[PDB]
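Q: The file below is coords.cif, mmCIF, N, CA and C atoms:
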data_structure
loop_
_atom_site.label_atom_id
_atom_site.label_comp_id
_atom_site.auth_asym_id
_atom_site.auth_seq_id
_atom_site.Cartn_x
_atom_site.Cartn_y
_atom_site.Cartn_z
N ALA G 1 257.09 5.49 88.90
CA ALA G 1 255.85 6.25 88.97
C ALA G 1 255.99 7.59 88.27
N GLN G 2 256.25 7.55 86.96
CA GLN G 2 256.27 8.76 86.15
C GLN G 2 254.89 9.13 85.62
N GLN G 3 253.93 8.21 85.71
CA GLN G 3 252.57 8.53 85.28
C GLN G 3 251.88 9.47 86.25
N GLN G 4 252.22 9.40 87.53
CA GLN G 4 251.60 10.30 88.50
C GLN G 4 252.04 11.74 88.28
N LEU G 5 253.32 11.94 87.98
CA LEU G 5 253.79 13.27 87.62
C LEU G 5 253.06 13.79 86.38
N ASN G 6 252.79 12.92 85.42
CA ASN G 6 252.10 13.36 84.22
C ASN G 6 250.66 13.73 84.51
N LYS G 7 249.99 12.97 85.37
CA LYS G 7 248.62 13.33 85.74
C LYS G 7 248.59 14.66 86.48
N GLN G 8 249.58 14.90 87.35
CA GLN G 8 249.64 16.18 88.04
C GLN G 8 249.87 17.33 87.06
N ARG G 9 250.78 17.14 86.10
CA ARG G 9 251.01 18.17 85.09
C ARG G 9 249.75 18.44 84.29
N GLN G 10 248.99 17.40 83.96
CA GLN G 10 247.75 17.59 83.21
C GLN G 10 246.74 18.40 84.02
N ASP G 11 246.56 18.05 85.30
CA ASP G 11 245.62 18.80 86.13
C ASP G 11 246.03 20.26 86.26
N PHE G 12 247.33 20.53 86.37
CA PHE G 12 247.77 21.91 86.50
C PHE G 12 247.54 22.69 85.21
N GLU G 13 247.91 22.10 84.08
CA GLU G 13 247.82 22.81 82.81
C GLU G 13 246.39 22.98 82.33
N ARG G 14 245.47 22.07 82.66
CA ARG G 14 244.08 22.28 82.27
C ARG G 14 243.51 23.52 82.93
N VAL G 15 243.96 23.83 84.14
CA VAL G 15 243.49 25.03 84.83
C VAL G 15 244.23 26.25 84.33
N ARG G 16 245.52 26.12 84.06
CA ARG G 16 246.31 27.29 83.70
C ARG G 16 245.94 27.81 82.31
N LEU G 17 245.85 26.93 81.32
CA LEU G 17 245.68 27.33 79.93
C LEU G 17 244.23 27.37 79.48
N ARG G 18 243.29 27.36 80.40
CA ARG G 18 241.89 27.36 80.01
C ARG G 18 241.48 28.75 79.53
N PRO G 19 240.81 28.86 78.39
CA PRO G 19 240.44 30.18 77.87
C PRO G 19 239.17 30.72 78.51
N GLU G 20 239.16 32.03 78.74
CA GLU G 20 237.97 32.70 79.24
C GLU G 20 236.95 32.82 78.12
N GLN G 21 235.70 33.10 78.49
CA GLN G 21 234.62 33.03 77.50
C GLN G 21 233.42 33.82 78.00
N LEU G 22 232.75 34.52 77.07
CA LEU G 22 231.49 35.24 77.31
C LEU G 22 231.48 35.99 78.64
N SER G 23 232.62 36.55 79.02
CA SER G 23 232.87 37.05 80.37
C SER G 23 233.85 38.21 80.32
N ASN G 24 234.62 38.37 81.39
CA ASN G 24 235.61 39.43 81.57
C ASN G 24 236.59 39.55 80.40
N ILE G 25 236.39 38.74 79.36
CA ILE G 25 237.22 38.70 78.16
C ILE G 25 237.22 40.03 77.42
N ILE G 26 236.58 41.05 78.00
CA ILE G 26 236.16 42.28 77.34
C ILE G 26 237.19 42.78 76.32
N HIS G 27 236.71 43.09 75.13
CA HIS G 27 237.56 43.46 74.01
C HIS G 27 237.65 44.97 73.88
N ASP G 28 238.72 45.42 73.23
CA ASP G 28 238.88 46.83 72.93
C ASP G 28 238.14 47.19 71.65
N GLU G 29 238.31 48.43 71.22
CA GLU G 29 237.97 48.76 69.85
C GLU G 29 238.93 48.00 68.93
N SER G 30 238.62 48.00 67.64
CA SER G 30 239.26 47.19 66.61
C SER G 30 238.82 45.74 66.72
N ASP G 31 238.08 45.37 67.76
CA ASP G 31 237.39 44.09 67.83
C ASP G 31 235.89 44.28 67.73
N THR G 32 235.34 45.20 68.51
CA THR G 32 233.93 45.56 68.45
C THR G 32 233.70 46.75 67.52
N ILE G 33 234.20 46.65 66.30
CA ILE G 33 234.01 47.69 65.29
C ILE G 33 232.98 47.19 64.29
N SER G 34 231.90 47.93 64.15
CA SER G 34 230.88 47.61 63.16
C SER G 34 231.24 48.24 61.83
N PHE G 35 231.43 47.40 60.81
CA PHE G 35 231.72 47.94 59.49
C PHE G 35 230.46 48.51 58.85
N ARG G 36 229.31 47.90 59.14
CA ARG G 36 228.06 48.30 58.51
C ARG G 36 227.67 49.72 58.92
N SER G 37 227.79 50.03 60.21
CA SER G 37 227.39 51.35 60.68
C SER G 37 228.32 52.43 60.15
N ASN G 38 229.62 52.14 60.06
CA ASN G 38 230.54 53.10 59.49
C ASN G 38 230.27 53.31 58.01
N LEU G 39 229.96 52.24 57.28
CA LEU G 39 229.63 52.38 55.87
C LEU G 39 228.38 53.23 55.69
N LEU G 40 227.37 53.03 56.54
CA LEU G 40 226.15 53.82 56.45
C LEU G 40 226.42 55.29 56.77
N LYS G 41 227.15 55.55 57.86
CA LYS G 41 227.51 56.91 58.22
C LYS G 41 228.25 57.62 57.09
N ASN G 42 229.19 56.93 56.46
CA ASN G 42 229.96 57.57 55.39
C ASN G 42 229.11 57.80 54.16
N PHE G 43 228.23 56.85 53.82
CA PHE G 43 227.26 57.08 52.75
C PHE G 43 226.51 58.38 52.97
N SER C 1 188.59 92.60 42.70
CA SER C 1 189.54 91.74 42.00
C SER C 1 190.53 91.14 42.99
N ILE C 2 191.01 89.93 42.69
CA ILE C 2 192.03 89.26 43.47
C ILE C 2 193.08 88.72 42.52
N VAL C 3 194.33 88.70 42.95
CA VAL C 3 195.42 88.19 42.13
C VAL C 3 195.62 86.71 42.42
N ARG C 4 195.96 85.95 41.39
CA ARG C 4 196.28 84.54 41.52
C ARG C 4 197.79 84.38 41.48
N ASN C 5 198.38 83.98 42.60
CA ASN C 5 199.82 83.83 42.71
C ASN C 5 200.21 82.37 42.62
N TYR C 6 201.20 82.08 41.79
CA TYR C 6 201.83 80.76 41.76
C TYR C 6 203.13 80.83 42.53
N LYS C 7 203.26 80.01 43.57
CA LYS C 7 204.49 80.00 44.34
C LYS C 7 205.32 78.79 43.96
N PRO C 8 206.60 78.97 43.62
CA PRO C 8 207.42 77.85 43.17
C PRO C 8 207.59 76.79 44.25
N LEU C 9 208.23 75.70 43.84
CA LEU C 9 208.29 74.47 44.61
C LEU C 9 209.57 74.44 45.43
N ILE C 10 209.43 74.32 46.74
CA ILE C 10 210.55 74.11 47.64
C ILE C 10 210.34 72.79 48.35
N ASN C 11 211.32 71.90 48.26
CA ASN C 11 211.20 70.56 48.80
C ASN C 11 212.39 70.24 49.67
N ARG C 12 212.17 69.36 50.63
CA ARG C 12 213.26 68.77 51.40
C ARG C 12 213.61 67.41 50.81
N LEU C 13 214.84 66.98 51.04
CA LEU C 13 215.30 65.74 50.44
C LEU C 13 214.58 64.55 51.06
N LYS C 14 214.02 63.71 50.20
CA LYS C 14 213.27 62.53 50.60
C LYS C 14 214.16 61.31 50.78
N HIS C 15 214.95 60.98 49.77
CA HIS C 15 215.86 59.84 49.79
C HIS C 15 217.29 60.34 49.81
N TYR C 16 218.23 59.42 49.98
CA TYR C 16 219.63 59.81 50.06
C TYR C 16 220.32 59.83 48.71
N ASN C 17 220.39 58.71 48.01
CA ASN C 17 220.74 58.73 46.59
C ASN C 17 219.69 57.89 45.89
N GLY C 18 218.54 58.49 45.61
CA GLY C 18 217.43 57.76 45.04
C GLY C 18 216.84 56.67 45.91
N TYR C 19 217.47 56.33 47.03
CA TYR C 19 216.99 55.29 47.93
C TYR C 19 217.07 55.81 49.35
N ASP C 20 216.34 55.15 50.25
CA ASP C 20 216.53 55.38 51.68
C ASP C 20 217.35 54.22 52.23
N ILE C 21 218.56 54.52 52.68
CA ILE C 21 219.50 53.45 52.98
C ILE C 21 219.33 52.90 54.39
N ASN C 22 218.50 53.52 55.23
CA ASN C 22 218.28 52.96 56.56
C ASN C 22 217.52 51.65 56.48
N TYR C 23 216.41 51.64 55.74
CA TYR C 23 215.63 50.42 55.58
C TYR C 23 216.40 49.37 54.79
N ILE C 24 217.06 49.79 53.70
CA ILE C 24 217.88 48.88 52.92
C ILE C 24 218.96 48.26 53.78
N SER C 25 219.54 49.05 54.68
CA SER C 25 220.61 48.53 55.52
C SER C 25 220.08 47.55 56.56
N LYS C 26 218.91 47.83 57.12
CA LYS C 26 218.25 46.86 58.00
C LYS C 26 218.07 45.51 57.31
N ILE C 27 217.39 45.52 56.17
CA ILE C 27 217.10 44.27 55.48
C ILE C 27 218.38 43.59 55.03
N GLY C 28 219.39 44.38 54.64
CA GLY C 28 220.64 43.79 54.22
C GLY C 28 221.39 43.15 55.36
#
Let me see the file written as structure tokens.
A:
Amino acid sequence: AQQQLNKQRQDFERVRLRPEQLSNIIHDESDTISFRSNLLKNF
Amino acid sequence: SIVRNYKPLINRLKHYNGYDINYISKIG
């Protein structure tokens, strides 16, 4: 019964390695940097 | 008698470099 261990590993890893999205993922600067607004300001 | 005075032209800047870049930047 090595398939049961594999199913358990799959269930664990699907929860562990799942990526966050449209949520607490909050980014720093250098991610939310608008190039257009800086170009306009410098113009 | 009254004097007729010509006063020279003082203007504020209309465009930035021949264009207004706010509207251009919106559309772009």
Q: May I ask for the distance between atom CA of residue 15 of chain G and atom CA of residue 3 of chain G, given in Å to one decimal place?
A: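 Interatomic distance here is 18.8 Å.
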Q: I need the output of the PyMOL selection byres ((chain C) within 8 of (chain G)) for this file as number ranges by chain; which residues are they?
A: C: 16-17, 21-22, 25
Q: Chain G: which residues are helix (DSSP H, G or I) by DSSP, as a list in words?
A: residues 2, 3, 4, 5, 6, 7, 8, 9, 10, 11, 12, 13, 14, 15, 16, 35, 36, 37, 38, 39, 40, 41 and 42 of chain G
